[PDB]
Amino acid sequence: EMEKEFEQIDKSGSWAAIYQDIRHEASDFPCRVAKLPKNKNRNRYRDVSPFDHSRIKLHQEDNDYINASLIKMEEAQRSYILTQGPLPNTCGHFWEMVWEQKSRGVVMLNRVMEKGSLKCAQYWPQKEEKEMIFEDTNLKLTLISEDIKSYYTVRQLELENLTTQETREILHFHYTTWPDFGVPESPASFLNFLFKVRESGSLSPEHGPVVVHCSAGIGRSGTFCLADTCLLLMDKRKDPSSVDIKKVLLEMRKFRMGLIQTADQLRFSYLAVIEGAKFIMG
């Protein structure tokens, strides 16, 4: 069982050891497009790049680059686009991707400012009467409504393709209580947040892949995607106890590097799955 394994690891404080084995086994693929000089300003971190084989391509003849990866979980029947928190100059690209990929939901796992510095650009409008226009990608974004709760905020946004005048409703799920350091004390709120995203249909097949991001779009974002898939798999399989989180994570790392940045995040993922399994079933 998973929970049984969990307790073993704590007993012997092997979290760092286990997490390191995952890192050593993790896939490695080229990221040539990401490294081209013309894309230097499109990357937030020099050590966080999308693999060429699974990168999202913007539908423009000029430069189709954006630091984002498509994570396709064949068995779970679920896909996610993991991306970095957009930059002052890639906000238009960010929404171009949301539009072209036909996404329904945007999942944000960080705050614009953390530990005193900017961890992501203010890419969405904060006031209904102050809409945003991205001239480079000819997109218009309008805050339609907002619902602030204790642990997260859900925003209703309208994205318009000014070229065609077509519009779409985009749901912004913003987890606002992730601690500055470490991980959450309890996976409880994180899990409710996840179910709230599910309940909205943003993760369902009738829509394009949900767009998930934090700062680098690999640590916290990894936690979200890993938890969701594992839980989903425990629902499909005849034998739910066969879901191996370390295996699932390795499968995900074939599509984007460094998903799950610390042993604390790994342990936290186990917690969320184990805890999420008890409510989802018991």
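Positions 2 to 283 (the UniProt record's numbering) are the ones given, in order, by the sequence shown.
In this text, a Cβ means the ideal position worked out from N, Cα and C, and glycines have one as well.
Residue environment, residue i, which counts as buried when at least 16 other CB atoms sit within 10 Å
i	result
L37	exposed
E97	buried
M114	exposed
residue 1	Residue numbering for the chain in the displayed model covers 2 to 283; residue 1 lies beyond these limits and cannot be assessed.
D229	buried
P51	buried
Where the beta strand (DSSP E) containing residue i begins and where it ends
i	result
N193	It is not in any beta strand (DSSP E) - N193 instead sits in the alpha helix (DSSP H) that spans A189 to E200.
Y176	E167 to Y176
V249	Note, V249: premise wrong, no beta strand (DSSP E); alpha helix (DSSP H) at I246 to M253.
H214	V211 to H214
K141	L140 to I149
Sub-8 Å separation of residue i and residue j beta-carbons
i	j	result
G209	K103	yes
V211	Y66	no
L227	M253	yes
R221	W16	no
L83	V213	yes
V107	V99	yes
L160	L144	no
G93	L158	no
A273	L204	no
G223	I261	yes
Limits of the alpha helix (DSSP H) - the one that residue i falls within
i	result
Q127	Premise fails: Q127 is in no alpha helix (DSSP H) and is neither H nor E.
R221	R221 to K237
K5	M3 to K12
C32	Unbroken run through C32: none, as it is neither H nor E.
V49	No alpha helix (DSSP H) holds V49; DSSP gives it neither H nor E.
Secondary structure of residue i, DSSP reduced to three states
i	result
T263	coil
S205	coil
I57	coil
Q157	strand
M109	strand
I134	strand
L37	coil
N42	helix
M282	helix
Beta bridge counterpart(s) of residue i as assigned by DSSP
i	result
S80	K73
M114	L119
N162	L140 and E167
Residue-chain proximity (residue i, chain B), Cβ-Cβ < 8 Å
i	result
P185	Within the model displayed, chain B is absent; a lone protein chain is all it includes.
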